[PDB]
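Quick notes on the structure that follows.
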Protein chains: 2
Amino acid sequence: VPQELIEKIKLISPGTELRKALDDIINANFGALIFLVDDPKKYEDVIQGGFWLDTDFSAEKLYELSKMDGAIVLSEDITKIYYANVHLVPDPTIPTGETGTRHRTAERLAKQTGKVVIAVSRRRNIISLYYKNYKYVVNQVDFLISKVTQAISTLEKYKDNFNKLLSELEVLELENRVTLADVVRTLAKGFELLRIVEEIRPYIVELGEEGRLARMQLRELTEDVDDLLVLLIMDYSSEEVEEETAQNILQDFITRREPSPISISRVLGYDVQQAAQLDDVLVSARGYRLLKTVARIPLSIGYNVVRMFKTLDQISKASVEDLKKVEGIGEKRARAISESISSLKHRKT
Amino acid sequence: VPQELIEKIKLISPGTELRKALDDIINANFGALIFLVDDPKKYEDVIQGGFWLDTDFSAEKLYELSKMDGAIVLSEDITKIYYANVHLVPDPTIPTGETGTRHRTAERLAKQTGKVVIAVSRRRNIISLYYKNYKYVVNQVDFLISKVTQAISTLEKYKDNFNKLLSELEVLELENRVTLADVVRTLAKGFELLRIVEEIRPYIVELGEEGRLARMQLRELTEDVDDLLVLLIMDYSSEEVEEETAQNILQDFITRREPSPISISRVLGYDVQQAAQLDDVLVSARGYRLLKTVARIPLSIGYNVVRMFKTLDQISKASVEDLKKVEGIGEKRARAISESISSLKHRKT
Ligand SMILES: Nc1ncnc2c1ncn2[C@@H]1O[C@@H]2COP(=O)(O)O[C@H]3[C@@H](O)[C@H](n4cnc5c(N)ncnc54)O[C@@H]3COP(=O)(O)O[C@H]2[C@H]1O
């Protein structure tokens, strides 16, 4: 959805004065045809009759004016009401796939002028926004909340399964018994979880102010998921991979590519044919995930540790003395690494 | 009202199936916009979307189709329904003094194509017919009947005073005591009476089949008034005058010229400037009225009788033998003339 169009959508999103007025118009079953222009004098060819108002905008004024037949003309920033009860006359030759005089008029005028035109039928509760060659149907909050609440509840389920796969993989990592199947399975669920987030995003935006709690819920649920997926990619990719490259891997599986077993294993650098082979491939974590998230060791410094010990397994066997031989690790970071790992092994395994 | 428009108005007059449908539409508060054209193909630029029907017309079909939004397209003779639910798009630059999309659309389309377009709003009970640059509002029968009934009542009153004036003029005429004032007063009342008929005529025409009784009443009330007035003009005009000149005099006072005492006397060939003078001008009827109406003597032959005697007074002093000295008058005409005058003088004076 183009950004130039997303900007216009904000104009009638829950929270704005304009939307408050449109909600009331809908509740009263009045119809509405609103034309947003900047220079009223320049549309004497498409705007006919009505009353010249040139007054300050307000939700109550718009509502009251919508009681009359015809269209209302507002300024682009919704600060002035220019005309009311006007007859809009766009070029009849302009193609339109709309039905009815009001919507056909709205699409034609928007295409002809490159301006925003809002239409509301008397019987229905949707707001149709036309801008240039675009058409966006805005829904009432109740419909949006139902979809968003369902999506969140769905996300909770995926997240619960992600957490179980993660704790299981954690045990396998600490014991160095991880297979490519385990890794890919965890990444797959992580990619599916973030995809759901991406798909509900437009619903959230459209909710405007009414989407505050929904946003907070999405944040609490998916907080550090992205980072976690990036660290897993770095820890299990066939060959050393830069963080940015890992983040790009993530972005691709979250939008373009499809998170299938073989496909994920393929992008990780493993030449696998059948998904049954995944259980056959053994892999050892580099150690980034634990070093950063648990030992609180910056990636730039974690590279150094991996460069020397190569795997988490070796890192877990290294003494403080051993660890201090690494650039960037003093008695403090050496203790943190050593202690955080020995603590997890004892508690988890 | 041009004969051209008059023909179209008949299409929606009480009695037609079309009008029957429009009345139902009005009674149901549905709206309507109807475009009459014989070759739809040629107007495909002003007719958009909708449903192609091409079916035989019926009042029930038109009524049902009017439940949908948009416009209906019928053949000019109203025998076929071509489209329903269409969007009519006439040129926006066409000037119009109408209000609302529906009526502004109808006027522009009518001007643009030179055809008939019918508009009916849901809120009102009138039918607006637009043809070319003409606009005729058709009213419901109830409104028309009320106007027509009051006009008829008014005519009865004028006719009564007319008969009172005529009866008194009859006495004076027989006694040869007529003054210009007597004649003028009678003519003025007769002229005023016929003007009312002319003014109410359009209402009766617009009443269609529901105006049958009204036409009968008008005819019974004004049956022989025109002839009577023409004969009065011929009998009292300054100098001899033909039936054609008289008939023209009548038409002038019923439309163009105002029937004022001085104006009537002036047109009769009398030089007067004050109404008071009228009671000072003694006049004598030629005899045409009595010869034609009572003696049943053809005007052509009446000219001969007046040629010889000049006035009714002299005609009543003639004998059968004397009267027969006129060409066209035999013992029969002579008897009818002589006996009819003598009988009236005995009964009226
Ligand atoms: N060119 C045309 N072709 C076919 N039918 C025509 C027509 N123009 C008017 N009408 C018929 O008249 C109905 C009501 O017209 P109205 O102006 O009261 O009530 C209108 C008007 O206030 C508004 N509206 C529609 N088009 C407009 C325009 N171009 N400019 C300003 N207001 C418009 O939306 C209301 C409802 O529109 P809707 O079509 O549902 O309802 C229409 C339609 O069935």
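Each position is counted from 1, following the chain as shown.
Heads up, header says this was done by X-ray crystallography, 2.1 Å.
Backbone N, Cα and C atoms are what each Cβ position is placed from, and that goes for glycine too.
Within A:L53, A:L62, A:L88, the residue that Swiss-Prot lists together with A:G70, A:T101, A:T105, A:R122 for binding 3',3'-c-di-AMP is A:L88. The binding-site residues in question are A:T101, A:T105, and the one with the fewest Cβ neighbours inside 10 Å is A:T101. Secondary structure at A:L88 (3',3'-c-di-AMP binding site), taken from DSSP and collapsed to helix, strand or coil, is strand. When DSSP labels each residue, the domain 'DAC' (A:2-142) comes out as 46 helix, 45 strand, 50 coil, counted as helix, strand and coil in that order. A:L88 (3',3'-c-di-AMP binding site): 24 other CB atoms within 10 A of its CB, across all protein chains.
Residues from the set of binding-site residues A:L88, A:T101, A:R122 situated with their C-beta under 8 Å of a chain B C-beta: A:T101. Proximity to ligand 1 (Cβ under 6 Å from any of its atoms) holds for these binding-site residues out of A:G70, A:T101, A:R122: A:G70, A:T101. Non-local contacts of A:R122 (3',3'-c-di-AMP binding site) by the CB criterion (under 8 A, 6+ apart in sequence, same chain) comprise A:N29, A:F30, A:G31.
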